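If you want the building blocks of each chain, they are given just below.
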Amino acid sequence: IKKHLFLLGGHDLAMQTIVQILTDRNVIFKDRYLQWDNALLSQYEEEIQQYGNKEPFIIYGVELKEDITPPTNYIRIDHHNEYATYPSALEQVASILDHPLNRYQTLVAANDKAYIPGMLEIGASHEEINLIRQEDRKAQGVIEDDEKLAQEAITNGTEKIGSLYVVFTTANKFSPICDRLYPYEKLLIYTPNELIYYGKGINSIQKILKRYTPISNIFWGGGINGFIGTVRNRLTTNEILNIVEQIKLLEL
Ligand SMILES: Nc1ncnc2c1ncn2[C@@H]1O[C@H](COP(=O)(O)O[C@H]2[C@@H](O)[C@H](n3cnc4c(N)ncnc43)O[C@@H]2CSCC[C@H](N)C(=O)O)[C@@H](O)[C@H]1O
Ligand SMILES: [Mn+2]
């Protein structure tokens, strides 16, 4: 009896796979082609006014920052921060729709939730891993210039302190750097106004970050050894450099 409405956040391979399942199942959904840094619920302010607090409908927000107050019939579909232990939004959406995921889609969910380690743990071949990563990067909107700066940062802006790789870059997208350096146990990528940490012990990284910025500028996911980063242009360069030093001190 309850009718469903899905509002989609930033685009990646999992979000692209969500579009296909929502399309195949005749579901009402809205997709404004958002990126990771503009997935605001206010992007769908018109839809919230139309369907918000209307009785038959349930509104599912898929990885959307709640910059406006959601209505009473709104359900958050997310797997970050305080829900970093939840399955990927792709898995949650398929469960809502009673949709069984095929082999390809299970790989998309595993890579979305837990990268290459996630795909390896459901027995992905080297070819499947390469296919998923290529389509994930393409869905994130990485282009040739992102790959260019990735190779540059690994050759000229990288040092290894213990088990921790530290990469300075002026690149926009960081997934090319992760894929070139995998495998790794710890990876720290920073720009003059942004940093993201990948690998073991994100909670100790979270304790560092909370000494420099409010929690609204911090996001994390992917599990115990997933990722945690800062929102771009929210921290000054000296704040980023201090965090970089504190993260290197954990290697001592
Ligand atoms: N342990 C890991 N190591 C490496 N990659 C991983 C790991 N775990 C997951 N991944 C991969 O990373 C991707 C995770 O996707 P998501 O779950 O959608 O998570 C995304 C975003 O949804 C999330 N996020 C939340 N708020 C913001 C914001 N304000 N700005 C930017 N990003 C924000 O943070 C993640 C992006 S982090 C990298 C951002 C960087 N500027 C870039 O463009 O490359 C996915 O493709 C996985 O395959
Ligand atoms: Mn996502």
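This entry lists X-ray crystallography as its structure determination method and reports a resolution of 1.93 Å.

Peer 1: Tell me what's going on with the site of ligand 1, and back it up with residues and numbers.
Peer 2: Taken together, 26 residues lie near ligand 1, and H80, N111, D136, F174 and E194 sit nearest. Within the contact set of ligand 1, an oxygen atom lies 3.4 Å away from a side-chain nitrogen or oxygen of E63. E194 places a polar side-chain atom, nitrogen or oxygen, 2.6 Å from a nitrogen atom of ligand 1. Relative to its free-state accessible area of 920 Å², ligand 1 is covered by the protein chains to the extent of 86%. Contributing elements (two or more residues each) for the shell around ligand 1: α4 (103-120), α5 (126-140) and β8 (194-199).

Peer 1: Report on the side chain of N81, specifying residues and quantitative values.
Peer 2: Following the sequence through the fold, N81 ends up in the loop between β4 (74-77) and α3 (89-96). In this structure, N81 is in contact with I218, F219 and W220, ignoring residues within four places of it in sequence.

Peer 1: Hey, could you go over the pattern of salt bridges for me, with residue numbers and the actual values?
Peer 2: The final tally for this structure, using the stated rule, is 13 salt bridges. Taking the shortest distance from any N to any O, the salt bridge between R76 and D78 comes out at 2.8 Å. For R76, a relative accessible area of 32% gives the class partly exposed. Look at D78 and you get buried, because its relative accessible area is 12%. The closest approach of N and O atoms between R133 and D136, which form a salt bridge, is 2.8 Å. Linking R133 with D136, this pair stays in helix α5, spanning three residues, or about one helical turn. Each member of the pair, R133 together with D136, is buried.

Peer 1: Could you give me a rundown of the coordination of the manganese ion (ligand 2), with the residues and numbers involved?
Peer 2: Coordination of the manganese ion (ligand 2) by the protein is provided by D12 (OD) and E63 (OE), with metal-donor distances spanning 2.4 to 2.5 Å. Highlighted residues: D12 in the loop between β1 (3-8) and α1 (13-24) and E63 in the loop between β3 (57-62) and β4, separated in sequence by 51 residues. Residue classification places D12 among the buried positions, given a relative accessible area of 4%.

Peer 1: Describe the packing of aromatic side chains, naming the residues involved and giving the relevant values.
Peer 2: In this structure the tally under the stated criterion is six aromatic pairs. Ring geometry for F6 versus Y60: centroids 4.9 Å apart, planes at 20 degrees, classification stacked. Of the two residues, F6 sits in strand β1 while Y60 sits in strand β3, which places them 54 residues apart along the sequence. Considered together, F6 and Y60 belong to a single accessibility category, that of buried residues.

Peer 1: Hey, could you go over the pairing of strand β9 (residues 218-221) for me, with residue numbers and the actual values?
Peer 2: Two faces, one strand: in a regular strand the side chains alternate between the faces of the sheet. Summarising the sheet, β9 and strand β10 (residues 227-230) pair through four bridges and their orientation is antiparallel. Paired with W220 across the strands is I228, a residue of β10. Linking two consecutive strands that pair antiparallel, namely β9 and β10, is a turn of five residues; a positive phi of about 85 degrees is found at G222 within it.

Peer 1: Give a description of the domain arrangement of the protein chain that names residues and reports values.
Peer 2: Size of an interface: often given as the accessible area lost when the parts come together. Partitioning the protein chain into structural domains gives domain 1 (3-105) and domain 2 (145-249). Here the C-alpha centroids of domain 1 and domain 2 sit 28 Å apart. Facing the six residues of domain 1 at the interface are eight residues of domain 2. In total, about 450 Å² of surface goes out of reach between domain 1 and domain 2, with carbon and sulfur atoms giving 44% of it.

Peer 1: Pulling in residues and values, what's your account of the environment of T236?
Peer 2: The topology assignment puts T236 in the loop between β10 and α9 (237-249). Residue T236 is classed as partly exposed on the basis of its relative accessible area, which comes to 44%. In this structure, the C-alpha to C-alpha distance between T236 and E194, residues 42 residues apart in sequence, is 8.7 Å. Setting aside anything within four residues of it in sequence, one finds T236 in contact with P192 and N193.

Peer 1: Please give an account of the sheet that holds strand β2 (residues 28-30) that cites residues and values.
Peer 2: Strand order in the open sheet formed by four strands is β2-β1-β3-β4, with parallel pairing between adjacent strands. Looking along the sheet, the strands with just one partner apiece sit at the ends: β2 and β4. Strand-to-strand, the axes of this sheet are offset by a mean angle of 20 degrees, without reference to chain direction. Docked against the sheet, α1 engages β1, β2 and β3, running at close to 155 degrees with respect to β1. Contacting β1, β3 and β4, α3 crosses the sheet at an angle of about 135 degrees to β4.

Calculation rules
- Residues numbered from 1 in each chain as written, not as in the entry; some residues may be left out.
- Chains lettered and ligands numbered in written order.
- Heavy atoms only, no water.
- Near = heavy atom within 4 Å.
- Polar contact = N/O pair within 3.5 Å; in protein donor to acceptor, adjacent residues only side chain to side chain.
- Areas by Shrake-Rupley, 256 points an atom, 1.4 Å probe, with all protein chains shown as cover.
- Helix = DSSP H or I, 4+ residues; strand = E, 2+ residues; numbered from the N terminus.
- Contact = heavy atoms within 4.5 Å.
- Salt bridge = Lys/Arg side-chain N within 4 Å of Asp/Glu carboxyl O.
- Buried < 20%, exposed > 50% of the residue type's maximum accessible area, 1.4 Å probe, protein only.
- Donors = N, O, S within 2.8 Å, 3.2 Å for Na, K, Ca; no water.
- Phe/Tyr/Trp six-rings, centres within 6.5 Å; stacked < 30°, edge-to-face > 60°.
- Pairing = 2+ DSSP bridges.
- Domains from an automatic or database assignment.
- Buried area = accessible area lost by both parts, 1.4 Å probe.
- Axes fitted to C-alpha atoms, helices over the stretch in contact; angles between N-to-C directions.

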